[PDB]
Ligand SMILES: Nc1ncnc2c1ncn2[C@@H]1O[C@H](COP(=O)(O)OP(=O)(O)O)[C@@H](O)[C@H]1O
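The data below hold one chain only, encoded as structure tokens and taken in the form solved without the named molecule.
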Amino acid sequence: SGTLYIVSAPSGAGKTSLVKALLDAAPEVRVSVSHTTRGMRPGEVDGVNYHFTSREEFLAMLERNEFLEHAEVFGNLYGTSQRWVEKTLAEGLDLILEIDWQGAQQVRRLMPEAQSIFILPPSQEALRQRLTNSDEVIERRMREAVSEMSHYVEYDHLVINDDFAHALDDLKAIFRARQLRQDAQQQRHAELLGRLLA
């Protein structure tokens, strides 16, 4: 079966260009499309950026136990649907959940073999620029981002996004090393290992 990767970053900027770039260079890796109850933004496509749904429909899915994890982020509900994750892993494909620290905690309990990565800004100034890209609102968004970053200690690996080219290669190294671990290689090269041992 495939490997599950959790990738988290401060939520105020949206999903990271780093993960998009990683997926562009490794088309065999899949990414989960989350459900959300927030409204669509210009340039977003239902079924691609998110499965956009209603709060009533989101809660009904929760009652039907369809979410691997869910969380409230800035008052809107987000979640990872479980069936798609199980299907993709069972096909032997690796996949990424780009989710916040709350969802990461839930996933780790259910899947202790999951690799998790937190992507950090190089400075508060750089984080603030990404958020501003109203002043009063900005400081609250910064305080909320700081509270999320405090959870970086819960993650297996950390990437400091100082130089985009360097951070992308750092992500690639984490993913490649994960696939070289004993557990993944034993399954991947099962037939080879049998020939080496017989």
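The first residue of the shown sequence is 1; numbering continues from there. Here, rigid core means the biggest group of C-alpha atoms that superpose within 1.5 Å across both forms.
Not pictured, yet referred to below: the form solved in complex with the named molecule.
- For the marked spot (11, 15 and 162), a heavy atom within 4.5 Å of the named molecule in the deposited bound form is present in each of the three residues.
- The contact residue chosen from 51, 151, 30, 157 relative to the named molecule in the deposited bound form is 30, the criterion being a non-hydrogen atom within 4.5 angstroms.
- A residue is said to contact a partner when one of its heavy atoms sits within 4.5 Å of a partner heavy atom; residue 130 meets this definition for the named molecule in the deposited bound form.
- Relative to the superposed core, residue 166 shifts its CA atom by less than 2 Å between this form and the one not shown.
- In this overlay on the rigid core, residue 189 has a C-alpha that sits 2 Å or more away from its partner position between this form and the one not shown.
- The Cα position of residue 13 differs by 2 Å or more between this form and the one not shown after fitting on the rigid core.
- Between residue 18 and residue 12, the C-alpha separation shrinks by 3 Å or more in the deposited bound form, relative to the conformation displayed.
- Between residue 14 and residue 99, the Cα distance is greater in the deposited bound form than in this structure, by no less than 3 angstroms.
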